Amino acid sequence: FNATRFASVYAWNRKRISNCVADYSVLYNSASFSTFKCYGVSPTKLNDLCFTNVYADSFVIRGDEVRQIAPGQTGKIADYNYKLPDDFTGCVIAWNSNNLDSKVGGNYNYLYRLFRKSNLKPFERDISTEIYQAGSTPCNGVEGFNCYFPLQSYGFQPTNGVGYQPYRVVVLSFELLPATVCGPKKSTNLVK
Amino acid sequence: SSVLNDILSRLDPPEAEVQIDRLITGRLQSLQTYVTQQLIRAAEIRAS
Amino acid sequence: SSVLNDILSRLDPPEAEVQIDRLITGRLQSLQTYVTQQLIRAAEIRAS
Amino acid sequence: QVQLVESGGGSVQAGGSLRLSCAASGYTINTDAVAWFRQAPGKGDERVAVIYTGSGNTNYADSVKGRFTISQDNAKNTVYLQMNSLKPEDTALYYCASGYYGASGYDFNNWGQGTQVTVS
């Protein structure tokens, strides 16, 4: 959550969390997240539950684009950068980072892939650098009219409007197939 | 899910009752099928 | 609609499955009615 | 299909009052819950207040309780935040967000350019 640097959306970085106790109450009551939309699990219900592992996929998008991060949602980013499964179970967190990501002159460090031949499968990360081909004639390789770099830069500005203000997004994904990472609670002696 | 405990333990009242309502519609259908089929047979066996 | 092709061709997965689920509840009810009525008769005819 | 525009900010003395407006356009019927949040440059997002349009229930940040009041005008299709006894801590950009349901902070979206309030 407090990472010094956040990976680009086209290279959204996914981390593994296991063998620990996750206290989601502090996250829920922090109130610092523009976002805590939880699908399949009530946000104030994960303290009694637990899972095999937690998948934390972190990236950065525009504030207006955060909506595209949802199951069964159609959009450029949701289709060619990060697609969630229709039956996704987990929770999406989004919080504004304008002050930590916007600088005078345009912060172009954030990049997002736009053009792709086919829509991405769920949780499919595409790092291909191939030049998108919108014409019958392959270029092999001089970019130009209608032959493409498939990536574009956000160019966040300090004065950019909200829809254009940066937002750091972390998607927590859970799968239940022995329990490893369980939240906060106590044990008792066995009785037969 | 088909375990009503994981739906109690994963969701808060409103959507909990939603999902539970669906389970109960399905289960109630199944029982009622069963009981009717058992009936039909019980009539057959009574004839026999 | 009652044609599941126009619901596949008009809607995207989530609400597609919703509407299809409704159709399948209805159709399943109808089959099960039918099969039971056929049963009752088959018992009648067996008696005859 | 839903737009929210914030207005009514400005510069006031400590202990002054301002009245911030969130005008909504489009088909806002689906969004029952509306919230006001603020962000100073250095700090992160915080929700000052939220309201349930249908029920009328309200929530307030502990700091703002007593000084801030949230109201709505259905004819105006606007949600209003009344700031009384403004404090220097109140200085930040203010925006209004909206969502179908109140469980989480994200489902609120559609917030506009925002309004700047400075207390000095």
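Taken together, the values in this text are just the output of simple stated rules run on the coordinates, not laboratory data. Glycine gets a Cβ as well: all are built from the backbone with ideal geometry, and neighbour counts include every protein chain shown.
Odds and ends about this structure:
- Start at zero, step by 5 Å, and the Cα-Cα distances of the stretch A:67-192 spread as 2, 8, 13, 15, 15, 15, 11, 8, 5, 3, 2, 2, 1, 1, 1, 0 percent across the bins.
- Rh by Kirkwood over Cα pairs, then Stokes-Einstein D for the protein assembly as shown at 1.567 mPa s and 4 °C, µm²/s: 51 µm²/s
- Checking the cross-link pairs A:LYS45/A:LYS192; A:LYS37/D:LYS87; A:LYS37/A:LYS76; A:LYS15/A:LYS121; A:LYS76/A:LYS117 against a 22 Å limit on the alpha carbon distance flags A:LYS45/A:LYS192; A:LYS37/D:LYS87 as lying beyond it.
- In a reduced charge model with +1 at each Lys and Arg Cβ and -1 at each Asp and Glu Cβ, the stretch A:2-69 shows a dipole moment near 160 debye about its Cα centre.
- Averaged over the residues of peptide A:94-102, the number of Cβ atoms from other protein chains lying within 10 Å of each residue's Cβ is 3.
- Highest mean packing comes first when the peptides D:24-33, B:30-39 are listed by Cβ atoms within 10 Å, giving D:24-33, B:30-39.
- For A:33-40, mean number of other protein chain Cβ atoms within 10 Å: 6
- Restricting the chymotrypsin sites (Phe, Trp or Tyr not before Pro) of the stretch A:38-128 to loop positions (DSSP other than H, G, I, E, B) with no more than 13 neighbouring Cβ atoms within 10 Å leaves A:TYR108.
- Computed FRET value (nearest 0.05) for D:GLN72 with A:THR137, which takes r as the C-beta separation and R₀ as 56 Å: 0.45
- Remark: label point of C:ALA43 defined 7 Å out from Cα along the Cα-Cβ vector; separations to the same position in other copies 0.4 nm, ascending.
- Estimated 222 nm signal from helices in chain B, with DSSP H stretches of n ≥ 4 weighted -39500 (n - 2.57), rounded to 500: -30500 deg cm²/dmol
- Size descriptors for the stretch D:2-119: radius of gyration and Dmax over Cα atoms are 13.2, 38 Å.
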